[PDB]
Amino acid sequence: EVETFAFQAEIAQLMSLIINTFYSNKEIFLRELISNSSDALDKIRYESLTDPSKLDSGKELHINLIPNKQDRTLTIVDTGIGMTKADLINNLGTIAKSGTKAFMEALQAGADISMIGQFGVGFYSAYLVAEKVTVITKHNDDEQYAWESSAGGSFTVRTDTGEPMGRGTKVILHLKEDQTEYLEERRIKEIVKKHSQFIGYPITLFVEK
Ligand SMILES: Cc1ccc(C(N)=O)cc1C
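Numbering (the authors' numbering), first residue to last: 16 to 224.
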């Protein structure tokens, strides 16, 4: 059972701008996704300070980066708070309508795409490098769901029958053919060191056979 939804017009416009604007500094997508993971880990940590059972679904608070050259995917995994089905549908837990409005006003006023995270819509920078994004998520208060979009104005949500996650979010980037540098260990290490050096959770870069 797959449900297909239309993006709000403003979010579709944000995604088309990200896909179509000439902008060479694409590597910032990874900083934005890691920042979102850190924010989600902060939320479950805060909840656990008054209710330790919030971590019954997993005590470890971490971020994993998993490149797969055979599938041409880069996956960002975190054990943060996750997202309910309602959160997924409501722009992955963001205020993306008002954030897009502010972002595009900033762009016409001199800003560049790298400042997207200051407007709460950094997730959509994934489309700088990915032709399709799949988001698998599990929140303590809901079941495990898969969101997916290749842009083009629509996204899908379905219950996920894949590997149970316990709690957290996996962002699977199906990379564009010309963006495979983001599967190379030395390139990922460079970006993490440049942009994510002060993230307060362990970031483990997995290696491949
Ligand atoms: C937009 C978004 C996507 C994934 C996560 C996460 N890693 O929980 C958080 C946000 C705000």
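For every residue, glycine included, the Cβ atom is placed at its ideal position computed from N, Cα and C.
Give the list of continuous beta strand (DSSP E) stretches no shorter than 3 residues that lie fully inside the region 21-87. The beta strand (DSSP E) runs of length 3 or more contained entirely in the region 21-87 are, from start to end of the chain, 78-83.
So does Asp-93 have its beta carbon nearer than 6 angstroms to some heavy atom of ligand 1? The nearest non-hydrogen atom of ligand 1 is less than 6 angstroms from the C-beta of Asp-93.
Does the Cβ of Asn-79 lie closer than 6 angstroms to at least one heavy atom of ligand 1? no
At what residue ranges does the region 84-161 contain a whole run of the alpha helix (DSSP H), taking only runs of 4 or more? 100-104, 111-123
Should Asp-127 be labelled buried (16 or more other beta-carbon atoms within 10 Å of its own) or exposed? exposed
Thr-195 (DSSP reduced to helix, strand or coil): helix
Considering only residues of the same chain and omitting the five flanking positions on each side of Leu-190, which have a CB-CB separation below 8 angstroms? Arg-87, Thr-88, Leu-89, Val-144, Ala-145, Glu-146, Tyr-197, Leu-198
Give me the Cα-Cα distance between residue 10 and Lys-100, rounded to the nearest whole angstrom. Lying before the first or after the last residue shown, residue 10 is absent from the chain, which here runs from 16 to 224.
Could you tell me whether the Cβ atoms of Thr-109 and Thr-152 are closer together than 7 angstroms? no
Chain-order list of residues whose beta-carbon lies under 6 angstroms from that of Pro-217 (same chain, five-residue window excluded): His-77
Between the Cα of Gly-132 and those of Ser-31, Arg-46, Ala-24, spot the shortest distance and give me the residue it belongs to. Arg-46
So, helix, strand or coil for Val-207, using DSSP? helix
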